[PDB]
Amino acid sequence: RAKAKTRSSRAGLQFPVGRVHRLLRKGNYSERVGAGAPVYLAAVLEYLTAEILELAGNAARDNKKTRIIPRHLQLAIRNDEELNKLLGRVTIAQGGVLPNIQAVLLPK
């Protein structure tokens, strides 16, 4: 039979489409899952993570580090109006906070 071609390579993605499809089928979200659904979702997840690794990589570079750590992710997320909105009720373990001293507290 035809040589095997993964659905990820067909959609041109890095995230596992087959995996996601299984996760959708077994998560009791609906009686049936369309063929395009896992592709769409797997792509959105890949996009969102690529989008946060971009910002975290930069923060890591601004700190002269070649390895991304929880703190870089916090900086990235909390310094981006939208990501922060999206993860407003989420906490990054070992992320710390953004430096911010209320002006009125500075020596007068």
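Counting begins at 1, following the sequence as shown.
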As the entry reports it, the stretch among 97 to 105 and 3 to 11 with higher mean C-alpha B factor is 3 to 11
On average, which has the higher Cα B-factor in the deposited entry, 61 to 69 or 33 to 41? 61 to 69
Looking at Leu24, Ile92, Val17, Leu86, which one carries the largest C-alpha B-factor according to the PDB entry? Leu24
For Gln74, the third of its chain by CA B-factor is the lowest
